[PDB]
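Given next, in structure tokens, is a single chain: the form deposited in one PDB entry.
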């Protein structure tokens, strides 16, 4: 029913590792478009949305909709056994287990992961008030550092983008200004702004989102007054891992 081959297993290992503290149990929904995941955290603050597109596999074959009900801690134990440069193949029949095969050498690793039953979150396309594309490790560094001082960050976007906080030790801010880096494009700061925004967020959650930073050298951060913050990493091509965070009110 399902046969999906990933040239580099690295990506799925990193995704699950990036997600497993926010979401314990979830469904991997498989269809013709590819393999998707949607879940809200235990405390109803954050939403995880992943899409690995069919085109990212070679080959990809899914005979119908298939929900793979997985515990992510369990899946992590299996995925740890894939080397970064392993080829990964997912198989499942119309299922009690997921079959994972990691191929190098001629070495084959094969796991039958026991599935669970989890009950099955369309996010409407929004044109955000502000977008920042920046280096992902830079964003990790900012959130981690500010979190040492405060539980909350205010994010303002205007004529740059400023992350600010206050705490016992004092005040801190990090300002990012529009900048194209011609020699090292991943170091660029790209800001699209249609409208000023000023919102406050939990740092704890943002720092969790930055566990995904090894997936990509760039992160996209989207702000709107109407809707939750979007933090997006590329999984290659137009595949993605998205985190949504409601502002503190």
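Positions refer to the first chain, counted from 1.
We do not show the form deposited with a partner chain bound, though everything after this point is about it.
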item: Sole residue of 213, 27, 208, 202 within 4.5 Å of the partner chain in the bound PDB entry, by heavy atom; value: 202
item: Residue among 67, 62, 193, 47 with a heavy atom within 4.5 Å of the partner chain in the bound PDB entry; value: 47
item: Contact flag, residue 87 vs the partner chain in the bound PDB entry, heavy atom cut 4.5 Å; value: no
item: Distance check, residue 246 to the partner chain in the bound PDB entry, heavy atom within 4.5 Å; value: yes
item: Proximity of residue 228 to the partner chain in the bound PDB entry, heavy atoms at 4.5 Å; value: yes
item: is_contact(residue 123, the partner chain) in the bound PDB entry, heavy atom dist at most 4.5 Å; value: yes
